[PDB]
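Single-structure report; data block below.
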Amino acid sequence: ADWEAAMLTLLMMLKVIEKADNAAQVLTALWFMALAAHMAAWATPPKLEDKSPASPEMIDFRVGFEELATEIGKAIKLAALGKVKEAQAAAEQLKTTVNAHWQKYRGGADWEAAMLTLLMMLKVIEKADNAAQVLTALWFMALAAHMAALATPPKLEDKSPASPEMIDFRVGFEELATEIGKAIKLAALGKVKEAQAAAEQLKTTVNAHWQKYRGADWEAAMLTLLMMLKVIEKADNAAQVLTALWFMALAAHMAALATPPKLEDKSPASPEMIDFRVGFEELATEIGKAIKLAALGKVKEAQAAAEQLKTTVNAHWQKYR
Ligand SMILES: [Zn+2]
């Protein structure tokens, strides 16, 4: 992805946390920070593009970002437990790490933290009104399940990774991640009530999985891109454009390994399916470009980039819907 726009996203989201009031705004903005840190972890700053990947200067950048991702997970769990003030206090120390890391290269969550996020997002879905609030909260659920996918509950840290008890935890989470993808497609198709009905059954799976360890498909995400593009065109500030663009980068990330329905019987090395892979890379690349224009504050030029983004989204979705 991009480095500095995610670093600009981290800075802007910290400004949203300090002026937030409830714990949901803090938890969502912290996950957007964990999202930006997840995409930018693979990136490379501009002044280090001509340094060896095994170089100590570039390898110091790797552990430097691990410290930043780890600090965000600690602030998320504080925001997940309802400690809205102590999490904002953790956002103060977070800004020190973000500023120290950004200035050095700017040219010139744990298990129950996500499980508490899943529970809180379900409370936002039940009190939602439109399909966008349900669709966004469901992606935050898919986000929380994605970052905590390789996580480990506290009561299972002393169990073998190949142990059937820990193995049952892996497939148990796959059922949870798969259930969320089904509810997202219902929310993507506009079925706001049936998706909330799927959120009822989702809470049963979340409660059953959390208590045992407390101590999206292709066209689903493609409909979210068109959904977010409709939110970008009717947005006002640069924050709404940035959040919706990250939701587009989020949907493209979860649906990257996805397969359209008309290509499920095509070889993975087939040029027709291969053309689908590079076609999605062009889409993820254009999204990253629009995020940087939105991160620099250019709310109009980013929306102008969202116009050209809709041309790529419409041409790609039509070819495989
Ligand atoms: Zn990932």
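How things are named: the first chain in the structure tokens is A, the next is B, and so on; residues count from 1 in each chain; ligands count from 1 in the order shown.
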
Give me, as a PyMOL selection string, the set of residues whose atoms come within 7 Å of any atom of ligand 1, counting only C-alpha atoms and all ligand atoms.
chain A and resi 38+146+253

Can I get the residues of stretch 64-146 of chain A within 9 Å of stretch 192-214 of chain A, each with the closest pair of atoms and their distance in Å to one decimal, using only C-alpha atoms, sorted chain first then ascending number, as a tab-separated table?
residue	atom	partner	partner_atom	distance
A:112	CA	A:214	CA	7.2
A:115	CA	A:210	CA	6.6
A:116	CA	A:210	CA	8.7
A:118	CA	A:206	CA	7.3
A:119	CA	A:206	CA	7.3
A:122	CA	A:199	CA	6.8
A:125	CA	A:196	CA	6.7
A:126	CA	A:196	CA	6.6
A:128	CA	A:196	CA	8.8
A:129	CA	A:192	CA	8.2
A:130	CA	A:192	CA	6.6
A:131	CA	A:192	CA	4.8
A:132	CA	A:192	CA	8.5
A:134	CA	A:192	CA	7.0
A:135	CA	A:192	CA	8.5
A:138	CA	A:199	CA	8.7

Can you work out the spacing between atom CA of residue A:33 and atom CA of residue A:13 in Å, to one decimal?
6.8 Å

Choose the residue, out of A:77, A:292, A:159, A:185, that has the smallest atom-to-atom separation from residue A:139; count only C-alpha atoms.
A:185

Skip residue A:3 itself and residues of its chain fewer than 2 positions away, then list as an mmCIF file with N, CA, C and O atoms, in the first residue's frame all residues within 9 Å of it, counting only C-alpha atoms.
data_model
loop_
_atom_site.group_PDB
_atom_site.id
_atom_site.type_symbol
_atom_site.label_atom_id
_atom_site.label_comp_id
_atom_site.auth_asym_id
_atom_site.auth_seq_id
_atom_site.Cartn_x
_atom_site.Cartn_y
_atom_site.Cartn_z
ATOM 1 N N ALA A 1 0.835 -1.191 0.000
ATOM 2 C CA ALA A 1 0.000 0.000 0.000
ATOM 3 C C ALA A 1 0.877 1.251 0.000
ATOM 4 O O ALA A 1 1.964 1.254 -0.575
ATOM 5 N N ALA A 5 0.402 8.271 3.579
ATOM 6 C CA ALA A 5 -1.022 8.560 3.717
ATOM 7 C C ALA A 5 -1.627 7.780 4.875
ATOM 8 O O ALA A 5 -2.512 8.282 5.580
ATOM 9 N N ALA A 6 -1.170 6.543 5.076
ATOM 10 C CA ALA A 6 -1.521 5.814 6.288
ATOM 11 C C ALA A 6 -0.946 6.491 7.522
ATOM 12 O O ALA A 6 -1.618 6.558 8.557
ATOM 13 N N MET A 7 0.285 7.004 7.430
ATOM 14 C CA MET A 7 0.830 7.805 8.519
ATOM 15 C C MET A 7 0.055 9.104 8.693
ATOM 16 O O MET A 7 -0.111 9.578 9.823
ATOM 17 N N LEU A 8 -0.417 9.696 7.593
ATOM 18 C CA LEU A 8 -1.335 10.824 7.699
ATOM 19 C C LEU A 8 -2.697 10.382 8.211
ATOM 20 O O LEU A 8 -3.371 11.143 8.914
ATOM 21 N N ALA A 36 -4.910 1.106 8.933
ATOM 22 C CA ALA A 36 -3.846 1.827 8.242
ATOM 23 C C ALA A 36 -2.481 1.231 8.560
ATOM 24 O O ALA A 36 -1.624 1.117 7.676
ATOM 25 N N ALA A 37 -2.263 0.838 9.818
ATOM 26 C CA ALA A 37 -1.003 0.202 10.182
ATOM 27 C C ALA A 37 -0.864 -1.173 9.544
ATOM 28 O O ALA A 37 0.258 -1.623 9.284
ATOM 29 N N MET A 39 -2.105 -2.060 6.479
ATOM 30 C CA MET A 39 -1.813 -1.891 5.060
ATOM 31 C C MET A 39 -0.425 -1.301 4.839
ATOM 32 O O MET A 39 0.284 -1.706 3.912
ATOM 33 N N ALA A 40 -0.022 -0.348 5.680
ATOM 34 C CA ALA A 40 1.273 0.302 5.533
ATOM 35 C C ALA A 40 2.429 -0.538 6.059
ATOM 36 O O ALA A 40 3.586 -0.191 5.801
ATOM 37 N N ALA A 41 2.149 -1.620 6.789
ATOM 38 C CA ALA A 41 3.225 -2.473 7.286
ATOM 39 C C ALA A 41 4.015 -3.083 6.138
ATOM 40 O O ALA A 41 5.236 -3.262 6.235
ATOM 41 N N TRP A 42 3.339 -3.406 5.036
ATOM 42 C CA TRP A 42 4.019 -3.943 3.866
ATOM 43 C C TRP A 42 4.697 -2.859 3.041
ATOM 44 O O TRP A 42 5.530 -3.178 2.185
ATOM 45 N N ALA A 43 4.367 -1.592 3.285
ATOM 46 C CA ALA A 43 4.863 -0.488 2.481
ATOM 47 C C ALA A 43 6.320 -0.178 2.822
ATOM 48 O O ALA A 43 6.963 -0.857 3.627
ATOM 49 N N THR A 44 6.847 0.876 2.195
ATOM 50 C CA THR A 44 8.221 1.305 2.364
ATOM 51 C C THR A 44 8.247 2.824 2.248
ATOM 52 O O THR A 44 7.682 3.366 1.284
ATOM 53 N N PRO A 45 8.868 3.526 3.192
ATOM 54 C CA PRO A 45 8.916 4.991 3.123
ATOM 55 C C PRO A 45 9.718 5.453 1.918
ATOM 56 O O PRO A 45 10.545 4.699 1.387
ATOM 57 N N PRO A 46 9.492 6.687 1.455
ATOM 58 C CA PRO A 46 10.191 7.144 0.239
ATOM 59 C C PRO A 46 11.700 7.218 0.392
ATOM 60 O O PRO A 46 12.429 6.881 -0.549
#

Do a neighbour search on residue A:145 at 10 Å with only C-alpha atoms, toss out local chain neighbours closer than 4 positions, and write the hits as a ChimeraX atom specification.
/A:111,114-115,117-118,139-141,149-151,173-174,176-177,180

Pick from A:99, A:163, A:52, A:88 nearest to residue A:26, counting only C-alpha atoms
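Of the candidates, the smallest distance to residue A:26 is held by A:88.
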
Residues near stretch 71-74 of chain A, anyone? I mean within 7 Å using only C-alpha atoms, not counting same-chain ones fewer than 6 positions away, as number ranges by chain.
A: 30, 34, 94, 109-110

Stretch 16-248 of chain A: which residues are helix (DSSP H, G or I) by DSSP, as an MDAnalysis selection string?
chainID A and resid 16:18 23:40 46:48 56:80 84:103 111:126 131:147 154:156 164:188 192:213 218:233 238:248

Distance query residue A:229 at most 10 Å, only C-alpha atoms, self and fewer than 4 positions along chain excluded, as a VMD selection string
chain A and resid 223 to 225 233 to 235 241 244 to 245 248 303 306 to 307 309 to 310 313

Using only C-alpha atoms for the distances, tell me which of A:68, A:252, A:184, A:293 is nearest to residue A:137.
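Looking only at the distances to residue A:137, the closest residue turns out to be A:184.
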
Could you give me, as a ChimeraX atom specification, the residues within 8 Å of residue A:87, counting only C-alpha atoms and dropping anything in the same chain fewer than 5 positions from it?
/A:26,75-76,78-79

Expected file: the selected residues, N, CA, C and O atoms, as a PDB file, in the first residue's frame:
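Generated output (again28.pdb):
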ATOM      1  N   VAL A  26     -14.126   6.112  19.555  1.00  0.00           N
ATOM      2  CA  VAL A  26     -12.724   5.823  19.837  1.00  0.00           C
ATOM      3  C   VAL A  26     -12.344   4.448  19.304  1.00  0.00           C
ATOM      4  O   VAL A  26     -11.273   4.271  18.711  1.00  0.00           O
ATOM      5  N   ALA A  75      -4.358   0.028  22.938  1.00  0.00           N
ATOM      6  CA  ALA A  75      -5.353   1.088  23.058  1.00  0.00           C
ATOM      7  C   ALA A  75      -6.737   0.609  22.642  1.00  0.00           C
ATOM      8  O   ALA A  75      -7.745   1.118  23.148  1.00  0.00           O
ATOM      9  N   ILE A  76      -6.807  -0.360  21.727  1.00  0.00           N
ATOM     10  CA  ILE A  76      -8.098  -0.896  21.308  1.00  0.00           C
ATOM     11  C   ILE A  76      -8.753  -1.665  22.448  1.00  0.00           C
ATOM     12  O   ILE A  76      -9.954  -1.517  22.705  1.00  0.00           O
ATOM     13  N   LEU A  78      -8.329  -1.270  25.629  1.00  0.00           N
ATOM     14  CA  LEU A  78      -8.823  -0.288  26.589  1.00  0.00           C
ATOM     15  C   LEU A  78     -10.111   0.362  26.098  1.00  0.00           C
ATOM     16  O   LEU A  78     -11.010   0.652  26.894  1.00  0.00           O
ATOM     17  N   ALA A  79     -10.221   0.605  24.790  1.00  0.00           N
ATOM     18  CA  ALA A  79     -11.466   1.144  24.253  1.00  0.00           C
ATOM     19  C   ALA A  79     -12.539   0.068  24.142  1.00  0.00           C
ATOM     20  O   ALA A  79     -13.735   0.386  24.147  1.00  0.00           O
TER      21      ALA A  79
END

Quick one: of A:250, A:124, A:287, A:167, who's nearest to residue A:143, counting only C-alpha atoms?
A:250

Would you compute the distance between atom CA of residue A:178 and atom CA of residue A:274? Give it in Å to one decimal.
25.0 Å

Atomic distance atom CA of residue A:231 - atom CA of residue A:217, expressed in Å with one decimal
21.5 Å
